[PDB]
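J.: Pasting in a structure now, in structure tokens, and then I'll have a few things to ask.
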Amino acid sequence: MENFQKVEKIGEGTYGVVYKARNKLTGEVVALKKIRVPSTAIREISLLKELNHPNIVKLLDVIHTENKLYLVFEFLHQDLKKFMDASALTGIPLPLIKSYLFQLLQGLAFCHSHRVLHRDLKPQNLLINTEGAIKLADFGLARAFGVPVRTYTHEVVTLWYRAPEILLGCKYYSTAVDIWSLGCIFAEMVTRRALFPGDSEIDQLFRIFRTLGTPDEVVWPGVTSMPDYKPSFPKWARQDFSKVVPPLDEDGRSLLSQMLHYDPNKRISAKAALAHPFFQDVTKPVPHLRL
Ligand SMILES: CC(C)C(=O)COc1nc(N)nc2nc[nH]c12
């Protein structure tokens with residue numbers, strides 16, 4: 001750590017404090033993430049060093065010193081949560097939403113082709129730059145370190161973007177969980193409000209059910225056999241997506257629906273999503289960022 005000068009605390013991450021820092025020899029500005037160390041975790045993290053893509057925040061190095069672990073990442077100046085709050089009066093323009101979604105799908109397609117999932121996608125870990133790029137931060141860390149109920153500073157880890165199969169107790173969930181999360185994020189960018197802002201696991205589930213309908217064996221074969229499925233769940237009808245994400249045109253609503261399919265095996269893949277007609281006119285606008 002003596003090789004880095006802390007510039008400023010960025011915040012409190014899932015696993016530990018996060019600092020903006022400068023490398024003393026090369027001059028590089030980086031994000032340093034303390035991870036509050038099993039050999040298995042070191043080996044997993046080590047694998048992430050090679051999982052490089054332009055839409056994945058680059059893992060520069062891993063520093064393990066005195067039973068303390070620090071991850072050194074590419075630094076970006078803003079996150080999507082902050083950008084969305086800043087863009088709340090007018091909304092993020094559809095071409096920019098589309099660009100961001102397209103880029104995020106490319107990052108997912110890459111990592112998913114290597115069988116690596118994120119598992120905790122959320123606006124706070126989607127980072128943006130002045131050039132119109134967006135990148136996924138913290139990819140693969142959930143498998144390395146787990147996703148806790150509370151962070152190291154006791155903050156509640158959000159449930160808002162969690163896939164139903166996770167909430168229903170599926171042990172061996174897949175890359176589809178990331179597609180679900182991204183679909184939730186897509187909807188939030190469009191509407192300027194979280195899609196499913198649950199404040200407990202059951203509230204999360206029931207919010208999903210109230211919008212998408214309570215899942216059953218017709219739409220999700222096997223669902224009634226999942227560990228946390230209860231036959232006593234209320235039965236709500238599915239809403240039309242025209243009511244759920246209004247501004248959004250039929251191509252976007254079609255794609256969102258496929259990203260929000262209940263059955264993970266039927267949920268669209270990132271690679272198939274990239275081919276969807278919604279991206280026919282995709283472009284790369286530059287965001288208004290005041291840093
Ligand atoms: C929620 C907050 C505490 C956090 O995890 C901040 O994370 C990060 N912030 C910046 N600017 N660049 C990064 N590169 C990788 N992760 C990054």
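Residues in the structure tokens are named by chain (A, B, ... in the order shown) and by number from 1 within that chain; ligands are numbered from 1 in the order shown.
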Collect all residues with atoms no farther than 6 Å from ligand 1, counting only C-alpha atoms and all ligand atoms, and output them as a list in words.
T.: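 The residues within 6 Å of ligand 1, counting only C-alpha atoms and all ligand atoms, are residues 10, 11, 12, 13, 18, 31, 73, 74, 75, 76, 77, 124 and 137 of chain A.
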J.: Return as an NGL selection string the full set of residues in range 52-280 of chain A whose backbone-based DSSP assignment is strand (DSSP E or B).
T.: :A and (56 or 59-65 or 68-74 or 78-79 or 126-128 or 134-136 or 150 or 156)
J.: Can I get the selected residues back with C-alpha atoms, as a CSV table (one decimal), in the first residue's frame?
T.:
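Saved result, selection_27.csv, follows:
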chain,number,residue,atom,x,y,z
A,56,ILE,CA,-15.7,-4.1,-17.7
A,59,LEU,CA,-8.9,-4.9,-12.5
A,60,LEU,CA,-5.3,-3.6,-12.4
A,61,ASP,CA,-3.8,-5.5,-9.5
A,62,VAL,CA,-4.5,-7.4,-6.4
A,63,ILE,CA,-2.5,-6.5,-3.2
A,64,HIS,CA,-2.4,-8.9,-0.4
A,65,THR,CA,-0.5,-7.7,2.6
A,68,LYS,CA,-5.4,-7.5,4.2
A,69,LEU,CA,-6.6,-7.6,0.6
A,70,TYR,CA,-6.9,-4.5,-1.7
A,71,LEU,CA,-8.1,-4.5,-5.2
A,72,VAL,CA,-6.8,-1.8,-7.5
A,73,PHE,CA,-9.2,-0.8,-10.3
A,74,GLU,CA,-9.5,1.6,-13.1
A,78,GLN,CA,-19.3,9.0,-12.1
A,79,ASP,CA,-21.7,6.2,-11.5
A,126,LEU,CA,-22.2,0.9,-13.4
A,127,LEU,CA,-19.6,3.5,-14.0
A,128,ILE,CA,-19.5,6.2,-16.7
A,134,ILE,CA,-20.4,2.7,-19.3
A,135,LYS,CA,-18.6,-0.1,-17.5
A,136,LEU,CA,-19.4,-2.8,-15.1
A,150,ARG,CA,-25.3,-6.0,5.0
A,156,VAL,CA,-28.4,-3.0,3.6
J.: Which residue, A:264, A:287, A:91, A:16, has the smallest gap to residue 177 in chain A when you use only C-alpha atoms?
T.: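 Comparing A:264, A:287, A:91, A:16 against residue 177 in chain A, the winner is A:264.
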J.: Taking into account only C-alpha atoms, which residue in the set A:149, A:30, A:25, A:111 is nearest to residue 9 in chain A?
T.: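 Counting only C-alpha atoms, the residue closest to residue 9 in chain A is A:30.
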J.: In Å, how far is it from CA of residue 114 in chain A to CA of residue 174 in chain A?
T.: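 Going from CA of residue 114 in chain A over to CA of residue 174 in chain A covers 12.2 Å.
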J.: Could you give me, as CSV, every range 68-141 of chain A residue with an atom at most 8 Å from range 161-170 of chain A, plus its closest atom pair and distance in Å to one decimal, counting only C-alpha atoms, rows ordered by chain then number?
T.:
residue,atom,partner,partner_atom,distance
A:120,CA,A:162,CA,7.4
A:121,CA,A:161,CA,6.9
A:122,CA,A:161,CA,6.5
J.: Could the residues in this selection be written to a file with N, CA, C and O atoms, as a PDB file, in the first residue's frame?
T.:
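Generated file (selection.pdb):
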ATOM      1  N   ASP A 120     -24.540  -9.026  -8.634  1.00  0.00           N
ATOM      2  CA  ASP A 120     -25.007  -7.927  -7.840  1.00  0.00           C
ATOM      3  C   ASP A 120     -24.936  -6.643  -8.646  1.00  0.00           C
ATOM      4  O   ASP A 120     -24.490  -5.612  -8.124  1.00  0.00           O
ATOM      5  N   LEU A 121     -25.444  -6.699  -9.874  1.00  0.00           N
ATOM      6  CA  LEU A 121     -25.543  -5.493 -10.663  1.00  0.00           C
ATOM      7  C   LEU A 121     -26.497  -4.493 -10.063  1.00  0.00           C
ATOM      8  O   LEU A 121     -27.579  -4.839  -9.630  1.00  0.00           O
ATOM      9  N   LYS A 122     -26.140  -3.226 -10.096  1.00  0.00           N
ATOM     10  CA  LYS A 122     -26.960  -2.134  -9.532  1.00  0.00           C
ATOM     11  C   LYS A 122     -26.411  -0.839 -10.085  1.00  0.00           C
ATOM     12  O   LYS A 122     -25.253  -0.798 -10.500  1.00  0.00           O
TER      13      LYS A 122
END
J.: Excluding residue 45 in chain A and its own-chain neighbours fewer than 2 positions away, which residues fall within 8 Å of it when counting only C-alpha atoms? Please give them as a PyMOL selection string.
T.: chain A and resi 41-43+47-49+62+140-141+144
J.: Using C-alpha atoms, can you export the residues from the last selection as a JSON list (two decimals), in the first residue's frame?
T.:
[["chain", "number", "residue", "atom", "x", "y", "z"],
["A", 41, "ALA", "CA", -10.78, -16.27, -3.02],
["A", 42, "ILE", "CA", -7.26, -15.29, -4.07],
["A", 43, "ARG", "CA", -7.42, -17.77, -6.96],
["A", 47, "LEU", "CA", -8.72, -15.18, -12.69],
["A", 48, "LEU", "CA", -10.55, -11.83, -12.97],
["A", 49, "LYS", "CA", -7.27, -10.11, -13.88],
["A", 62, "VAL", "CA", -4.46, -7.38, -6.35],
["A", 140, "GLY", "CA", -16.99, -11.60, -10.33],
["A", 141, "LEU", "CA", -16.48, -10.46, -6.76],
["A", 144, "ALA", "CA", -15.02, -14.69, -4.79]]
J.: Return the single residue from A:182, A:260, A:147, A:248 that is closest to residue 212 in chain A, with distances computed using only C-alpha atoms.
T.: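 Answer, going by the shortest atom-to-atom distance: A:260.
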J.: Using backbone DSSP assignments, extract all helix (DSSP H, G or I) residues from range 115-227 of chain A; output them as a ChimeraX atom specification.
T.: /A:123-125,141-145,164-167,176-191,201-212,223-225
J.: What separation in Å, quoted to one decimal, exists between CA of residue 184 in chain A and CA of residue 208 in chain A?
T.: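 Straight-line distance from CA of residue 184 in chain A to CA of residue 208 in chain A works out to 10.4 Å.
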J.: What is the distance between CA of residue 255 in chain A and CA of residue 268 in chain A, in Å to one decimal?
T.: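 If I compute the distance from CA of residue 255 in chain A to CA of residue 268 in chain A, I get 8.3 Å.
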J.: List the spatial neighbours of residue 279 in chain A as a PyMOL selection string - criterion: any atom at most 8 Å away, only C-alpha atoms, same-chain residues fewer than 5 positions off excluded.
T.: chain A and resi 98+102+274
J.: Go ahead and dump the residues you just picked, N, CA and C atoms, as a short mmCIF file (atom, residue, chain, number, x, y, z; two decimals), in the first residue's frame.
T.:
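Output saved as result_14.cif:
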data_model
loop_
_atom_site.label_atom_id
_atom_site.label_comp_id
_atom_site.auth_asym_id
_atom_site.auth_seq_id
_atom_site.Cartn_x
_atom_site.Cartn_y
_atom_site.Cartn_z
N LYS A 98 -30.24 3.75 -24.57
CA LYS A 98 -30.00 2.67 -25.48
C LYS A 98 -28.53 2.32 -25.64
N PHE A 102 -26.82 -1.16 -24.52
CA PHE A 102 -26.07 -1.91 -25.52
C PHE A 102 -24.67 -2.23 -25.04
N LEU A 274 -28.28 -8.36 -27.80
CA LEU A 274 -27.53 -7.47 -28.67
C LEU A 274 -28.08 -7.48 -30.09
#
J.: Contacts of residue 250 in chain A at 12 Å or less, counting only C-alpha atoms, minus same-chain residues fewer than 6 places along, as number ranges by chain?
T.: A: 240-242, 256-257, 276-278
